[PDB]
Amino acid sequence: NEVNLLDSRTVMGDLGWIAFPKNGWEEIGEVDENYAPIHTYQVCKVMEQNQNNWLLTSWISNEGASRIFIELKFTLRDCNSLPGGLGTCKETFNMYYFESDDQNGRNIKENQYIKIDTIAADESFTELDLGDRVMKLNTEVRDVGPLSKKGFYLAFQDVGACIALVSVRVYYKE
């Protein structure tokens, strides 16, 4: 019953995502047995304050569908494990979207983003070893109502959290 419009981890080639500002969100590459990279995205600017870091996915086709589900898998640091004095540390990030036919270009400045929700992290991790921190993945799913155009973009805004977006999946349910 499920049909993927986007699946960040199984993509062939580059996802073609953009960050604003250009520092901030980083794209990570992990190579598999066939040297094919799995891409994820992470940001961890908990040093200072006043973070507004954006990550725009490229145009996603709805494929005539009307209601879609965004499935997110991510990790996120325990803000308590970080020193209390250095700067901002949040445990939640935001997700927006905007519908469009205009396939792809120089974007963020003039688009109205529709806030979908504030994503919170069921489980944060500390420097309790990595490798066992895929164990600390949490999953959050959200669906968005009646679509107009022939496609949409998803936008993630970080305001000072320590997160790894390990999977982003969009799909309609026919």
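Numbers for residues come from their place in the sequence shown, where the first is 1.
**Request:** Between 127 to 135 and 27 to 35, point out the one with the higher average CA B-factor as the PDB entry records it.
**Result:** Per the deposited B-factors, the answer is 127 to 135.
**Asked** Looking at the entry, does 140 to 148 or 52 to 60 show the higher mean C-alpha B-factor?
**Response** Per the PDB record, 140 to 148.
**Given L165, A155, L15, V159, the residue at which the Cα B factor reaches its maximum** = When the deposited C-alpha B-factors of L165, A155, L15, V159 are compared, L15 is largest.
**Message:** Considering every modelled residue of the chain and its Cα B-factor in the PDB entry, is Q112 in the lowest, middle or highest third?
**Reply:** Middle third.
**Request:** Classify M47 as lowest, middle or highest third according to the C-alpha B-factor given in the PDB entry, relative to its own chain.
**Result:** Ranked within chain, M47 CA B lands in the highest tercile.
**Prompt:** Of the three thirds of its chain by CA temperature factor, lowest, middle or highest, which one includes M95?
**Reply:** Answer is lowest: the recorded C-alpha B-factor places it there.
**Item:** Chain-wide C-alpha B factor ranking for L6, given as lowest, middle or highest third
**Value:** It belongs to the lowest third of the chain when residues are ordered by C-alpha B-factor.
**Asked** Which third of the chain holds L72 when residues are ordered by C-alpha B factor: lowest, middle or highest?
**Response** Ranked within chain, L72 CA B lands in the lowest tercile.
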